Amino acid sequence: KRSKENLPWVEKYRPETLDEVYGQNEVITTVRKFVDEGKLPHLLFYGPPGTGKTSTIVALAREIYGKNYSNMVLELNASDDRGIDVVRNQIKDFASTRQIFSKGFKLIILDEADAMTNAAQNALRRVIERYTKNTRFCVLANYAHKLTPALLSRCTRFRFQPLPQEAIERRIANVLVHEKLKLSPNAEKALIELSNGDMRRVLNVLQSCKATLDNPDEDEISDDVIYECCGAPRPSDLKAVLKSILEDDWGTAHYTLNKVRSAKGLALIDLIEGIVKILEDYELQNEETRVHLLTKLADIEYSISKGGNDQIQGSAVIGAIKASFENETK
Amino acid sequence: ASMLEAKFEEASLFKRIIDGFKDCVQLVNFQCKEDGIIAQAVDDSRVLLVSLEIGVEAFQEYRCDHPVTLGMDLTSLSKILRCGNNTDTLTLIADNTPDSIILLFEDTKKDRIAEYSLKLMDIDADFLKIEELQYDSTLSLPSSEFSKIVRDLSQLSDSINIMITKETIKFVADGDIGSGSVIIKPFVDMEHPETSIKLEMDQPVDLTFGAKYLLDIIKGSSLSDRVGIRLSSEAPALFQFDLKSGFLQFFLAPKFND
Amino acid sequence: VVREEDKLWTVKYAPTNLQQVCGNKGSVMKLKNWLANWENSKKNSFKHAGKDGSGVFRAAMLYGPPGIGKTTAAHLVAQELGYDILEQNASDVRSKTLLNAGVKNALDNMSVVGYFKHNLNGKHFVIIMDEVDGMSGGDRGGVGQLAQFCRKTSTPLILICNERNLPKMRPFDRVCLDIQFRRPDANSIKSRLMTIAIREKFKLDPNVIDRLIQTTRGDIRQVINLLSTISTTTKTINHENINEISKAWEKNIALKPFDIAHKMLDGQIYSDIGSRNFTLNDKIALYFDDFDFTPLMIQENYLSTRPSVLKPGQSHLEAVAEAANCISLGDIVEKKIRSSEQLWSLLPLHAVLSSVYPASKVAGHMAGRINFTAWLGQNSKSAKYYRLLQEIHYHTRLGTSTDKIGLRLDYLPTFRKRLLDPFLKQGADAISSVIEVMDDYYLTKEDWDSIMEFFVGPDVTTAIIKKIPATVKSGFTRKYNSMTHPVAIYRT
Amino acid sequence: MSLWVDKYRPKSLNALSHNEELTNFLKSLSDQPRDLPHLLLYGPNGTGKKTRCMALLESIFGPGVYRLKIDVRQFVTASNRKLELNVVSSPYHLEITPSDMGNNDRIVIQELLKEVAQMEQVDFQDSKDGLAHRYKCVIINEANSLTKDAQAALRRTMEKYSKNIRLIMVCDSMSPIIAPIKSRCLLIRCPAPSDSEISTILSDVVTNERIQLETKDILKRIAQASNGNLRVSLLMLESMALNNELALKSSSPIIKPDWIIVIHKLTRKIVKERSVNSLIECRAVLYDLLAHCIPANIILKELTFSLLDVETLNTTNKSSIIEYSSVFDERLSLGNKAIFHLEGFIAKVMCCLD
Amino acid sequence: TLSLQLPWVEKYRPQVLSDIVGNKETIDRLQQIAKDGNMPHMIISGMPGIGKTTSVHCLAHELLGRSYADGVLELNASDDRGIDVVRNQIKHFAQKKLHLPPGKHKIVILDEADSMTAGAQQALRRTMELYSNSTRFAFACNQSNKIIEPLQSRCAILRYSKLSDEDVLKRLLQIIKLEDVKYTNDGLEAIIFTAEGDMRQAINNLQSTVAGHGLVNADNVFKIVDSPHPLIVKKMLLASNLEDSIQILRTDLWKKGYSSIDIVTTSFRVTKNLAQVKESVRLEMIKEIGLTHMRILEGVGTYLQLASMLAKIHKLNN
DNA sequence: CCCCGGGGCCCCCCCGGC
DNA sequence: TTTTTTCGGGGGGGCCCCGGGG
Ligand SMILES: Nc1ncnc2c1ncn2[C@@H]1O[C@H](COP(=O)(O)OP(=O)(O)OP(O)(O)=S)[C@@H](O)[C@H]1O
Ligand SMILES: Nc1ncnc2c1ncn2[C@@H]1O[C@H](COP(=O)(O)OP(=O)(O)OP(O)(O)=S)[C@@H](O)[C@H]1O
Ligand SMILES: Nc1ncnc2c1ncn2[C@@H]1O[C@H](COP(=O)(O)OP(=O)(O)OP(O)(O)=S)[C@@H](O)[C@H]1O
Ligand SMILES: Nc1nc2c(ncn2[C@@H]2O[C@H](COP(=O)(O)OP(=O)(O)O)[C@@H](O)[C@H]2O)c(=O)[nH]1
Ligand SMILES: [Mg+2]
Ligand SMILES: [Mg+2]
Ligand SMILES: [Mg+2]
């Protein structure tokens, strides 16, 4: 904990103010409007991993209370005990008592509330209803099916979308400026493609790419560096494998798959996922082809998830694709 | 045993100080500097703030080269302090960039040495200035009477209401089985100036506090024979126990009146 | 002091005499006769059973559905005979310690209030432990203590419960005289309902009373409550509001395992109109009424129906096979649920796989009587035999080279020819040799007996062993007991 | 006296009489036992895997390995459930069967084995090389029955404390063993003895026990009926000798186990009658078999192979039967209630036959 | 800003039974009970946010007048309601001596009673029976099945139904007139459609829309309240071509940040409540959905699994 | 120096979906 | 017309033993 430069990039680049949260303009604008006019309701933030929920709520707490927000809000997460007794005693005491420092309202942040038991959620209902005049609740979740309907009825919901491309590009530009790094356009495209809308993945991969350069001061990060550090297949490899499967005999396809995998030690799961993404754009005459492709590839993925024999699984992928595409003729 | 060396001539004083607020907070940062030791902690419910100060007059010897922050779990510290006899001097020892604090109990008459080490913890707490406020009412009364009143009223209700009016202090509790009200008035006896009740009022006040927090606070009565209560509307209630050199303060937030 | 107009009708019209209680006349008479002859049985040490057979039980156990009048009947029978009542309920603490402290000291103690009030029986205690079904707990819950006291008590004891067919009530299997209270007939309650309607000044059609009684499922208290709530505003209970009143006050009652099995296996609900009326959600809720036994009942009773939902060209056997396949899938899902991951969110899916789908594939008309699941007893028997096999295997470990399964499948058939057959062939002269073998493998007489039960099919030893002359078995026992034997596991 | 299967069990590597190549490999392993890795012996049941393991232990340490005692160990679960474990111990090795604790087998791995693993040997057990033995051997019987969590717990225990203990596991099949465990063990195949070797062993037992034999063909028939299981062949020989007054004739029939006879009767009934009532009676028979400690997997295998030996069935019926047997054997592997899967298999077979 | 605006669900909480919309017969019965007296033991069950707690509190207030503080004991899930509490505190309150008007009784309001344990409910039986001359019990719950039958036998059952769109519109218009809220018909229609009969949700959504954008129109309402994903799932499952269903999955659910577990659970529920389709087809689809749900629970929460589930459902429906 | 009140573990018993 | 498996949470009974008072 010497300096901020000894931290992982995911934590080192955590937004400190609402102005640094990207890709959530609608939610940020709405919550800022609520806070400015003192019309903050009970909030629920539902979204996938690494979209800015915790960052946004902490930034909102800073906006409301200032630099000393930590002593003016009650933050509980999955790493803490949040049983029914905790709800009855600690949350109830915090919600029904005035602030020690200031004279403002009180904020309770139940991060990862989807991990809370049903009994505690039920106990929270009357606590929320009874102390609304002076207390507000913020719930954060990735899975809404774990939240009781009663709790959902009492909260205003905001959905955090997967981060758009433009927000990721702007944050990457900021990180490159801070770190004195060069990123090629194709490298940025590949990084955004592999991120799948998660900023944490982008930051971790960028840190690994920087660590992979011999001389980061002048060396530039190319798509080759990204693929090498992440150990992911290149688009050319996927295209070649798919072409061999769809246009060559069994021996040639098997040899091509083995050679492509052994060239860089690729994983079969990555090849399957990339081929599925490519095939999703194909215009197929017969629906049976798509049905068989999806079912067989899902079965192969599930089997791979439990281990098994890699060679048999690869041959199964080849055979499944060939058999499914055999239906396009008639 | 180079940077920080602070010797309590009596090892029981530090044990009493820790016991005064060990049931209120668990993780506490002790800041030691040339003019003594300070500490501030906030309860998990964030309703009570504990502030401890010990000056250099409270130590037989005290030496601190640079300010040092020691994060401790009060349960472990109390466990360690319970292993020392009442007739042994207690030395607190810490070095540069410390990961531990050494507590050394010495009995020169018996030539007995007992050294314990307690691992420090990383606490991200910044000392929050307790800005002084001009309180509407300020009173002082013996700690034993306040403890008795609080314990008696806690049997009836979980909330105790304190009303300060001209020449009168009233503690009221209302509960399922019944209600109770204790009324005291400022009284001075020159013969024994330790049972006196002193009050200075500027604006009458009425504030309700949780009974459990008052029960925790009254545990500091073992440190001082008197307790000072400062109350003011729209501000936390201050309960102060005075030590020989320093003090122990509790800031308790009142309950919302709604 | 309390105005009679501010009292609930259930209190105003409570039965003040034993002849005022409607229904279950036989059970009330049985209880009266048992309690009136308690002293006579005591003089005979509760040994000489009487004409009714209620002479060997020192405590009565009244049980039935809610709202029939068990508590009132027990209280009235207690007062009529002049006894003093010591009543306890779930509102009081009745754990092991509290039971041993308070009620244990009253089972053979005189009543001080009885002494001061004064019949020859007014100084004795009739303990009435109501709501025993609510005594949550196992050994420390006090249920075992009450069962023990039912075996030892100097004064009459009455226990009242609702669901006697409960595992927690097992300790009371045979300790008390059972007395059944059943849903009273409509005719018995009609007189009281008419009287109450007349006194309360509202219009009640005599015919509507039958429908009202059907709605409450023989719950007189609920009938009176419904009458009160309806008469609050609507004082004209005509035939134009029967349906609304019945549907507004239809108690939601969880069905019992036999009823669940009967309803789930009915073919009407799986028809188009039946499905429209009784939806899939209703079937899943029916499963959830008792999710621990419903799959077991379905598995037990899905091969004993005449289907009415067979597809054109499908035979009964094919539907049975499909149901069995889905039952296997449901079993796999159940294993997934009750694992370290605790995947209880799959409970609804289980409902479909274990009960609803197989039932829908063979739903029809029952070809017999719904039978209780036989898997539980079979599982207990298997556990017992596996424990016996483990004991035998670890007695013979030093001599054999195999696992317990190998011992069962290979060793035991050969052990029989050296342990049982020589007795059948040689007779008494086979004693010593057998013991010799028993000594080489650290076998005990109990091990011999246990081994002689594992065999099945053509090698069952029950009749064969039973046919051995008693002299040979006596000689075997005596010779075994008259010699020292080795020990394998000498725990210290 | 002791059964002939136990009385004549070899006690040394040089006393083995079948699978000479395996004997040579084991002798090579025991030549320099200081760096011996963890061993996993896999093979058909009743072949001599435990006998060979004990012989290898005797070669490494000495005859004292056969001085076996039985102790009892206590275990406590998270719910304060007291569990007893029977441990077979020797001055040089321990024997444990964690499957006896069922789902609690993990505890045995987490506490007992670990406790032995952490404890360094301080007994001066001078070896052939002149230096005292350094590690203590632990045998895990029925290792294929261990739960996946116990196998996972075994990994770092094997890796970290290899200097203090060495594991010998014995299994009928390696399919239930997780890949990390197989990676951590030296795998040793234990082939079943040939018919000639079984006949030689049986003839040796016959001449040692002075049993009248009309011809040597009876031993060959016994070996053939045993299907390569030496324990079964020896026990069958003893049973036949007892049943014929220690005088085996060429017409003496092969004695079959009671459960085998019941399964054959069930197969005949299934082939003859295919209806719901027949299914109910089959369920009754299956319950009877399961109640008396007949494993479900054994029942399924025996039923499948008995059905496949029926002469009236055609190729399509047999193919369907084997397919259903595979599917329902997987279901049994992934299930709890075995009767459910067995009934499903029987119903599917009944449907296919019609 | 340290100020807080009072939520309209609290500012406009009904204070008398006359201000409660919906369930006209039940509210009329409660009004008659309040006017006359002799309140019986009652259990009120219904779905969230329809006016059960409001009804109970209004009844107690109007029945007890100034004696509300002394004659009402309110316990909810946020309080301790164990066996000790039932055996001591509730019993003491029932035995308490309190002079009341000629036809009034003390009231114990056990809100969210469906969360109470079986032991406490069993203990309540004799307390209710013995002291019925001075105390009466009111239960409010979401699931009446959780209440043990012995308690149900002693109580009067008053079941509440979902509020119709007319009642919701009436209450919303009243609140709008009180608050001077600018609105359009489409905005109110969208609010009512998204509320789904939950008055609390409708009021909260209206207040949030007014705070965030001022004008309550369709655009702003949808900008605040998202389209219910169950309807999207229902559209996905009833699509004719597999391509359309896959497109819906990829665009309206997967790219909107909905987790695979949520999607599969919603699909299961929607298929269960799909009365338009034959029951056997629904059972087959439920089997496939359960397979996919188990796979997701094992950790394979990929879009390919959902696509395969959709393909299998399409095959079944063919 | 001895008895009583009340905090803290220890042990066991039952649920788990909409 | 009768009666089973596992974590985790919650509840509830039972001591145990420190502290404080007399
Ligand atoms: N909108 C964002 N803008 C900038 N960085 C972001 C953003 N979202 C996530 N990150 C980055 O990823 C890190 C984690 O962000 P979080 O706010 O913790 O996401 P999250 O949605 O709360 O994750 P979960 O729900 O606990 S898995 C931040 O410190 C940032 O560095
Ligand atoms: N047989 C009955 N005859 C007349 N009234 C009855 C009868 N049974 C019940 N009631 C009425 O309902 C009220 C309660 O009767 P109870 O004696 O408590 O029945 P119960 O079977 O003991 O109920 P449980 O098992 O404790 S829920 C009586 O005061 C009567 O008003
Ligand atoms: N019938 C109604 N009439 C007017 N307002 C209502 C009505 N129902 C709900 N509300 C409003 O929504 C708010 C909450 O109503 P509640 O009475 O708490 O619903 P509820 O049935 O108790 O919900 P649950 O079951 O506790 S989650 C009230 O303060 C009212 O402002
Ligand atoms: N004569 C002889 N008998 C053997 C040999 N190997 C095994 N056996 C016999 O076969 C019996 C069963 O062998 P066992 O070790 O239990 O096989 P496992 O079940 O695979 O471990 C033993 O009791 C031995 O008597 C061998 O090499 N020579
Ligand atoms: Mg987060
Ligand atoms: Mg009763
Ligand atoms: Mg409510």
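Convention: sequence-line order gives letters A, B, ...; per-chain numbering from 1. One-based numbering, in listed order, for ligands and for the atoms of each. What you see below is based on every heavy atom in this structure, not just the backbone, and it leaves out hydrogens, waters and symmetry mates.
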N or O contact, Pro10(D) vs ligand 4, cut-off under 3.5 Å: no
N/O/S from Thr54(E) sitting under 2.8 Å away from the Mg ion (ligand 7): no
Distance from atom 15 (O) of ligand 3 to nearest protein heavy atom, with residue and atom: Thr54(E) OG1, 3.9 Å
Aromatic ring pairing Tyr441(C)/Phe415(C), orientation class (parallel under 30°, perpendicular over 60°, tilted between): perpendicular
Over 12 non-hydrogen atoms of neighbours within 6.0 angstrom of NZ in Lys220(D): no
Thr51(D) side chain to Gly48(D) backbone, donor-acceptor under 3.5 Å: no
Selected option - heavy-atom contact closest to atom 1 (N) of ligand 3, from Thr148(A), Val168(E), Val21(E): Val21(E)
Atom 15 (O) of ligand 4 [closest protein heavy-atom partner, distance rounded to 0.1 Å]: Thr51(D) OG1, 2.9 Å
Where ligand 4 meets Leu16(D) - atom numbers and elements under 4.0 angstrom, heavy-atom basis: 27 (O)
Side-chain touch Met236(D)/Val232(D), heavy atoms, less than 4.5 angstrom: yes
Atom indices of ligand 4, in the order listed, that fall short of 4.0 Å to a heavy atom of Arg9(D): 22 (C), 23 (O), 24 (C), 25 (O)
Whether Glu62(E) side chain and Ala60(E) backbone form a donor-acceptor pair below 3.5 Å: no
Identity and separation of the nearest protein heavy atom to atom 25 (O) of ligand 4: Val5(D) O, 2.9 Å
Identity and distance of the protein heavy atom lying nearest atom 6 (C) of ligand 3: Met199(E) CG, 3.6 Å
Interfacing atoms of ligand 3 (cut-off 4.0 Å, heavy-atom, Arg154(A)): 26 (O), 27 (S)
Identity and distance of the protein heavy atom lying nearest atom 20 (P) of ligand 3: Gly49(E) N, 3.6 Å
Ligand 3 atoms in contact with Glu129(A) (distance to a heavy atom under 4.0 Å): 18 (O)
Atoms in ligand 4 with a heavy atom of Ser401(C) nearer than 4.0 Å: 15 (O), 16 (O)
Ligand 4-proximal atoms of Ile201(D), by part, heavy-atom distance under 4.0 Å: side chain
Whether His61(E) and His57(E) hold their rings parallel, tilted or perpendicular, with breakpoints at 30° and 60°: tilted
Distance filter under 4.0 Å to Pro48(E) heavy atoms, resulting ligand 3 atoms: 23 (O), 25 (O), 27 (S)
Beyond-backbone contact of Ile192(E) with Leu172(E), side-chain heavy atoms, under 4.5 angstrom: yes
Donor-acceptor contact below 3.5 Å, side chain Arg416(C) vs main chain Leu412(C): no
Ligand 3 atoms in contact with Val9(E) (distance to a heavy atom under 4.0 Å): 28 (C), 29 (O), 30 (C), 31 (O)
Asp111(E) backbone acceptor or donor facing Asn76(E) side chain under 3.5 Å: no
Rounded distance (nearest 0.5 Å) linking atom CE of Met116(A) with atom CD of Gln121(A): 6.0 Å
Ligand-residue contact atoms, ligand 3 with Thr53(E), heavy atoms, under 4.0 Å: 17 (O), 22 (O)
Heavy-atom nearest neighbour in the protein, as seen from atom 21 (O) of ligand 3, with distance rounded to 0.1 Å: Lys52(E) NZ, 2.6 Å
Donor-acceptor contact below 3.5 Å, side chain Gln207(E) vs main chain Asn204(E): no
Geometric N/O contact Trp8(E) with ligand 3, under 3.5 angstrom: no
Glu129(A)/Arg200(E) salt bridge by N-O under 4.0 Å criterion: yes
Any donor-acceptor N/O pair, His42(A) side chain to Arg154(A) backbone, under 3.5 Å: no
N/O separation below 3.5 Å, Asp6(D) to ligand 4: no
Heteroatom distance test (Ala15(D), ligand 4): nitrogen or oxygen, under 3.5 angstrom: no
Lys50(D), any N or O under 3.5 Å of ligand 4 N or O: yes
Nearest-neighbour protein heavy atom for atom 20 (O) of ligand 4, which is reported as residue plus atom name and distance: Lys49(D) NZ, 2.6 Å
Numbered atoms and elements of ligand 3 in range of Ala150(A), under 4.0 angstrom, heavy atoms: 27 (S)
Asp79(E): which of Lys92(A), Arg126(A), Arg88(A) passes salt bridge (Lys or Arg N to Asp or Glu O under 4.0 Å): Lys92(A)
Nearest neighbour in protein (non-hydrogen) for atom 24 (P) of ligand 3: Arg125(A) NH2, 3.6 Å
Heavy atom of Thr402(C), distance to ligand 4 below 4.0 Å: no
Proximity of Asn142(E) to ligand 3 by residue part, where a heavy atom lies under 4.0 Å: side chain
Any donor-acceptor N/O pair, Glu95(D) side chain to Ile139(D) backbone, under 3.5 Å: no
Ligand 4 atoms in contact with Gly48(D) (distance to a heavy atom under 4.0 Å): 6 (N), 7 (C), 13 (O), 14 (P), 15 (O), 17 (O), 18 (P), 20 (O)
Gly228(D) to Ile198(D) - nearest heavy-atom pair and separation: CA-CD1, 4.1 Å
Element-labelled atoms of ligand 4 that are located less than 4.0 Å from some non-hydrogen atom of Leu230(D): 3 (N), 4 (C), 5 (C), 7 (C), 8 (N), 9 (C), 10 (O)
Nearest-neighbour protein heavy atom for atom 30 (C) of ligand 3, which is reported as residue plus atom name and distance: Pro14(E) CD, 3.8 Å
Side-chain donor or acceptor of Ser90(D) paired with backbone N/O of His93(D) under 3.5 Å: no
Short N or O distance, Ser17(D) and ligand 4, threshold 3.5 Å exclusive: yes
Distance in Å, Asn19(D) CG paired with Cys190(D) SG, rounded so as to fall on 0.5 Å steps: 8.0 Å
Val437(C) backbone acceptor or donor facing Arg418(C) side chain under 3.5 Å: no
Residue-ligand contact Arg52(D)/ligand 4, heavy atom below 4.0 Å: yes
Distance filter under 4.0 Å to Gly51(E) heavy atoms, resulting ligand 3 atoms: 8 (N), 9 (C), 17 (O), 19 (O), 21 (O)
